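> model this:
(9 chains)
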Amino acid sequence: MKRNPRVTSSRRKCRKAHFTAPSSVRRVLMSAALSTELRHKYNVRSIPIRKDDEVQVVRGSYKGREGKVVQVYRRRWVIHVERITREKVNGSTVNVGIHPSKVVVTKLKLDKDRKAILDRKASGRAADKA
Amino acid sequence: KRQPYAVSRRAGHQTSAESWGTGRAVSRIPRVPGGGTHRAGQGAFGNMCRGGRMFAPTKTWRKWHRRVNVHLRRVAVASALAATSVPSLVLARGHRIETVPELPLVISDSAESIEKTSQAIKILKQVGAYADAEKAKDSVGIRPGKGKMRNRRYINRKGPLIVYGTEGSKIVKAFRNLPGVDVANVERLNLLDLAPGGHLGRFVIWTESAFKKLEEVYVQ
RNA sequence: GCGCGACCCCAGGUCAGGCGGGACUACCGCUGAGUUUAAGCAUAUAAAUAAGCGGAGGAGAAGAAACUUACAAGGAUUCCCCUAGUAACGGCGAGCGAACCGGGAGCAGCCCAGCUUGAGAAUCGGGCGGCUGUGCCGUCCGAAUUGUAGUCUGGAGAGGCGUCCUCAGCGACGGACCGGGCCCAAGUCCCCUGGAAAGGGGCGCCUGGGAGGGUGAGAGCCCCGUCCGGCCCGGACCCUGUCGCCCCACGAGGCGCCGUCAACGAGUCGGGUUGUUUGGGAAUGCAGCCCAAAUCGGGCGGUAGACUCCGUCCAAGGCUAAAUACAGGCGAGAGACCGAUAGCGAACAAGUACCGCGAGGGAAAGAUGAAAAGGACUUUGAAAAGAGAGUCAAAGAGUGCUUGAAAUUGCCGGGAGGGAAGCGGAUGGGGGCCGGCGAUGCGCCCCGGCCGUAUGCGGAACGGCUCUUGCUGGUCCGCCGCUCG
RNA sequence: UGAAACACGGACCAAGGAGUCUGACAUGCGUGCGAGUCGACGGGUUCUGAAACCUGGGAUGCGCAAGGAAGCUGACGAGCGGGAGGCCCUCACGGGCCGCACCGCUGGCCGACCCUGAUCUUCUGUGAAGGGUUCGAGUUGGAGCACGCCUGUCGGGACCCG
RNA sequence: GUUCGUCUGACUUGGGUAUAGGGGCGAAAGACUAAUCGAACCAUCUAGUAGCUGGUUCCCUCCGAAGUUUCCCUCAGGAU
RNA sequence: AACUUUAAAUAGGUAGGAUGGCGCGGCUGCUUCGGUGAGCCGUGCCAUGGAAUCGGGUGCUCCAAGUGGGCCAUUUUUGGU
RNA sequence: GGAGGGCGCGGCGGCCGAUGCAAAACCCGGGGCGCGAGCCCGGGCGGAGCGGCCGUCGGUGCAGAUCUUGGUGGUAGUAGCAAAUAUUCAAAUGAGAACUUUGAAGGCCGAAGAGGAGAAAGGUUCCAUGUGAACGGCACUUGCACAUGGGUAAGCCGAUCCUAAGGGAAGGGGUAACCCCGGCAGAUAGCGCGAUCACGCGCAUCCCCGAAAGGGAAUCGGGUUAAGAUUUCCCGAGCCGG
RNA sequence: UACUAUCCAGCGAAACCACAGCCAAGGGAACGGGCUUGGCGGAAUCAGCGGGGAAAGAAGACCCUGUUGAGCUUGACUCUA
RNA sequence: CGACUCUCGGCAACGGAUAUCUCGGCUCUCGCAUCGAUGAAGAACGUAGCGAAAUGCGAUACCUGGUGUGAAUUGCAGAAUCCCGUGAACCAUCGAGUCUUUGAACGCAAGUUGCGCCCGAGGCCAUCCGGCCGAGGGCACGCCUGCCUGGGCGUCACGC
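Residues are numbered from 1 along each chain as shown, chains lettered A, B, ... in the order given. Below is the structure:
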């Protein structure tokens, strides 16, 4: 289709890679849009999340829930957040999977290696803009 | 502009089939040797078998190259220029135009050195030639069929064509990504650019330096 | 006997190292059918193909003329275009059947043997020590005169004389090539419908990016990517670009001129005969056997032979990229490909399950949903199940799961009738079933309602045309004046 | 020949399922250009399997006829009858004039074949000249080439199946 | 099933072992050689061929045949 | 029937004109002992006009399919009860 | 049989439309159009993408083919489920018992057994416990089924060791080669014994596999669990080889 | 006389099927369940049965043909270990 | 006169067609060179806490070192130091590894977990400084090169 001698371009291949996600693939697809306050600090629109973050449902029917990211699932690429749930018949509460795109990052744990991601991407956005 | 494609050339050829002949209320077709399987088409030098070959259905032969005669082609290319100087064909092809005081457009040479798309749409807006590109940034068709599963999710209608007359084959970068656009130089004009679908009289934008080079293309 | 060296020939679970098999797509050899075609069939065709067998590499084979030619000669090898669907060959039947030249692609040239190290095996392997190590150095055994090192290779070359010119080998740093990592634009603003908004509507932004996928419905702007650039990192590496240090010279080779020479590969040449193969035809290549040479010579010159000429190369040793191939393998990009009886045998645990003693043969089989929210609990029943309920946007979605066709089956209704004969239909009438059927038309007058022309004004798109320029004809709207409708 | 047939197949239904595609050919039809024509082996170039541009060509045709060598070497150049249509005359009917397409026919010319053989001439060449129940895919006032489609034709598994 | 041939030898029968496809083996039936024998089975060449049988897929329009001549290893078919 | 002098009918061929006739005057190696003749050329004259009837037109050329097993009746007829 | 003019499907370039406020699909003794090919529209079902028109192109339209593959009838609840001498009663259990299990009874094979075991073969089937979804063409609470567990112990038995018919490396030689005969200069090429001491002496048709049946180094008894027990276990007694 | 059939409870196929099923004669692919003309004309059925359905199984094994094979024979053609 | 025979509809059951999907096939094109006695191609049998399979691996056994990424793996259980970190992960990379039993398959055979031979060290006790036992790994064909004992008037000299 559209241009360039490169490795990647194939409608089938794009699907194949992202569903079964190897570790580097997981982290880049774990990039979830920042809230507006955070966007003006780190000068980026989206960053990969964590487990000690807190993340707010904006998009869905489930909107208005907030919780920490309990788990992230490779095999079918989904993330699981606390308090976005559906109830089983007996009264058990089981988490409903949410895509990281849908959910928006309330709060960050900086870390040290995750912190490095913020710096490099920020530098990136500085270069184009000015 | 089409690849050759085909059915497999060794297909279901290498399938063992040997016949019962007759003495059975079973048709005189070859038949699988292996009875001890829950199915498989019963012998397969056929055109008449499940999972067998068919003697025809493609196989690499089919010419996806038809030769063009240059003198024949020259007439077609020349005709295409003339189709922009009659407004009737432009209307007939289904271009929405609120355009200028004169019939084909000739433009200043300074829209080569235009980096931005934002600037590009603005200059077209003044002409009134932005009109049909606005009708191709929406009303863009999710095409039915198996094309969706290829890469052909959107087939975009064909609005303005811009042709530059800068000698060194200079693609105007801004105009490349406009909705429904095509970009050309005089040094690479073809019939399909001025007449997608074979319907002549696409709305085209001529550069001033382009205009006087259109002569040298290669009752009444 | 014992023969120092050695001669000739054996032996180490011997010292350091090496071979088999695979792959076999594609390639290089070997070896080799028949069906078929000729409407029969043998010669011939298929085919110098399939099968059989061996062996390498990323390419392989080929390769600097014992060539092609007959010319003001071309000029290693390969492939494409053409010659060519042709010269030729052929129960001259069916059919079979290429090259030379010409053009283009790509280009690249070489060393041994055969003249002398003879002031001396100057050469090489191994052990051993040291070393900065695909190597180098010292030392000692051993190899090899039935000849290592070597000038020199036919285009030539070795001698001689005279002049210039030209060199061996290093750092360091880029680029070249390959692989990664990493970064690189913009709304999740209001409203509506919905289970969800990516949808519609309102209102925006970014675009070297409006390819794609993901995401709870058509997402440029939600995420990932995409695009275009940036920043790292590690390889591989003599392809060249920098620089910098030794100038490798009086050597060796090159060039100019001169002389004496010119060594130029054998059971090969060539021929006969036979078989195979060739378009190759008094033998195309090939082989066996038989005969068998020469070096002022030899071979070739598409009809066998002698004769005389002329022309053309220099075998019988060897290397060498590129242009050429690619149904395997690995890693990619695509298609007017296919859409679960299709596509591969295999979308799924598939060469799986299974079949056969074996060689081998070989399936069937994708889809709940956004999320299991996979039906707790109550009740009947021995249980399986059912009935309630719960859940879901939807159970008319309950792991027979999206949609759920035909056939068949059940229920029920209608027609018909239990005094009657069947091609199942056509034709006619009745029942049974159901959709349709100007918005309700016109003239006139009265009231209510609304507007106003002509002409003057004020602003304009028009016309015939002329086309500098000119004259005749505009209508309309704004909306004031003056008269009416 | 004749199918209701005491011919043959078919319980029923769904889904598969058979004149295709190609190379080289003939005709027809269309398109281009036209005594030429045919880009694309190739090279330039690129928004990249494309498109655009361009080369000498080579292939086919523009002359032929022979088995071959070859051919004074194929340029002197044609009539007649029916002919559409036009022209001229005539009020018209018709008459006369020019006559295409096309058709039929009679000649000349060329090659192959056979005769004829001047003047000339490197000594056997030469080919003026006059002819012929011979023969040709010729000249006598060319038409092709390229592309495509249908149908026919051949090789291909070749309509499908045995 | 009944009836019945043989039953101390050219006897019966197992295991191990030999012989394999124009081949074997045969006190010989063309018998038999793993439900397979006047040339086993398997895969391949092979999608082999067959003037002959079967089937050959949407509609309407207009025109509309012939089984005859000639040659043929031709008389179930071609050329003409 | 394989005889016929003789000899039907129905069948079958040809002709009934402008693709014709006639006048004028040209050429030949033919043909004539002879321009005598023959043929073919230029030029002139003669229409409904050469029996009947019809031509909801005809003439002409290229190319291809199918057919290539036929069968039947009246009439004629050969073999055979 | 030809030509002519159309229709329908799939996909592609163009162009225009339609949609979760309900697309496509499917159903419809519901309407209407066209000579037809087909088309149109409504209602019901349904839940995510699709159709018309102009060009382009095909793996493009079915009733068959003793068609292929899948489904489903009538047949038909019909033929049948009939060989093997044969069941029956009471109790136990369980929802339910002609068939299970126990007793009682009747029988049957009639020791060349319908027997107790081993071979071969299968491979856990043996036994417990659980237990009726499928399966035991009846039934069923039972099973050689399904699920869940466990179980096979050797100096003396076999294999092993050993030779046979025979097979097959090694050699020479054909065969490119696969492959086949089969040994040769293991014959003044080394294997074997003394022998510890390094040296001497002696010799072939080699060398392995080949009968879990031939031939054979060596065990008995009692007890035990689900079972064969010389065999597992154990006592006591041996026996063979080093 | 046994064991079936039959009848029951359970269990439960297949072959086969264009569509089906009353005769007579007629013509007709020259021997009809159907057409034509007459006769007829039990719902719903079971146990039987062997006339018929030119019933079914089996592209007649025979017989003819094909420019179709193969086994065999030889004084075929042509080669050869 | 129920019924039967037939037919249809509506709702269903049957069945898995149709539509719409597709981490797959299919075909074309491009780049790339790179197996082995240094033990392959291929097989076998094991190893995951709970596994039949596929996939992964080999007694160092669904993996190890090192490295990158930087917190998951998930059906349930679990570790909590491994979470501001020499470090989570059916992770990617995977340079350093193990890499079973087999297989060209190599001591020799193989319907045999068959039958030899040799060497290593640790311990023992001296019927000896030897005897006995241990765990590991070798010992093939083929042929070159170098090597030793020599066969042989093979050839020479020198023998008594």
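> Chain A: strands as residue ranges?
A:31-33, A:46-48, A:54-57, A:66-73, A:78-81, A:85-87, A:93-95, A:103-107 (DSSP state E).
> Please work out which residues outside the last one touch it.
Counting contacts by C-beta atoms under 8 Å, 6 or more residues apart in numbering or on different chains, the residues outside strand A:103-107 that touch it are A:32-35, A:38, A:47, A:49, A:53-59, A:66, A:79, A:81. From N, CA and C alone the C-beta is placed, and that goes for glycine too.
> Could you tell me which residues make contact with the residue of chain A found nearest RNA strand C?
Going by C-beta to the nearest atom of the strand, RNA strand C is nearest to residue A:124 of chain A, at 2.2 Å. Contacts here follow C-beta under 8 Å, 6+ apart; on that basis residue A:124 touches residue A:44.
> separation between it and residue B:59?
Residue A:124 sits 52 Å away from residue B:59, going by C-beta to C-beta, to the nearest Å.
> and what of residue B:38?
31 Å.
> Who has more neighbours out of these two?
Ranked by neighbour count (other C-beta atoms under 10 Å in any protein chain shown), residue B:38 and residue B:59 place residue B:59 first, with 15 against 4.
> anything in the helix or strand encompassing residue B:74 near RNA strand G?
Using DSSP states H and E, the element containing residue B:74 is helix B:70-82. No. Contact of helix B:70-82 with RNA strand G (C-beta under 7 Å from any atom of the strand) is absent, the minimum separation being 13.6 Å.
> list the helices and strands that helix packs on?
helix B:191-194 (3 or more C-beta pairs under 8 Å, 6 or more residues apart in numbering or on different chains; DSSP states H and E).
> which residues are contacting the helix it packs on?
Contacts for helix B:191-194 (C-beta under 8 Å, 6+ apart): B:73, B:76-77, B:80-81, B:83-84, B:161, B:182, B:184, B:200, B:202, B:204.
> Can I get those in TSV including neighbour count?
Shown next, in TSV, are these (neighbours: other C-beta atoms under 10 Å in any protein chain shown):
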residue	neighbour count
B:73	14
B:76	16
B:77	17
B:80	22
B:81	18
B:83	21
B:84	21
B:161	21
B:182	19
B:184	20
B:200	21
B:202	24
B:204	23
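> neighbours around the residue in chain A that RNA strand E sits nearest to, how many?
Nearest residue of chain A to RNA strand E: residue A:12, at 28.2 Å (C-beta to the nearest atom of the strand). When neighbours are defined as other C-beta under 10 Å, residue A:12 has 9 of them.
> Residue A:5 versus that one, what's the distance?
19 Å.
> what's the answer for residue A:38, then?
In terms of C-beta to C-beta, residue A:38 sits 38 Å off from residue A:5.
> more neighbours, those two?
residue A:38 (19 against 5).
> So the more buried one sits against residue A:122, correct?
No. Look at residue A:38 against residue A:122 with C-beta atoms under 8 Å: they stay out of range, at 11.7 Å.
> Near RNA strand D, which residues of chain A are found?
Counting by C-beta under 7 Å from any atom of the strand, chain A sits next to RNA strand D at A:2-4.
> Which stretches in chain B count as helices?
Secondary structure of chain B, counting by DSSP state H: helices at B:70-82, B:87-93, B:117-127, B:191-194, B:208-211.
> Nearest approach to residue A:16 belongs to which of the ones you listed?
Closest to residue A:16 of those is helix B:117-127 (C-beta to C-beta; 33.0 Å).
> Whether that closest one contacts RNA strand D - can you check?
No. If you take C-beta under 7 Å from any atom of the strand as the test, helix B:117-127 misses RNA strand D, and the best it gets is 14.3 Å.
> Give me the distance from that helix to the chain's centre.
Its chain's average C-alpha position is 27 Å from that of helix B:117-127, according to C-alpha atoms, centre = their mean, to the nearest Å.
> Any part of it near chain A?
No. Helix B:117-127 stays clear of chain A (C-beta under 8 Å from any C-beta of the partner chain), getting no nearer than 15.8 Å.
> Can you list the neighbours in contact with that helix?
Residues contacting helix B:117-127 (C-beta under 8 Å, 6+ apart): B:99-100, B:105, B:107, B:111, B:114, B:130, B:133, B:160, B:172, B:174-175, B:177-178, B:205.
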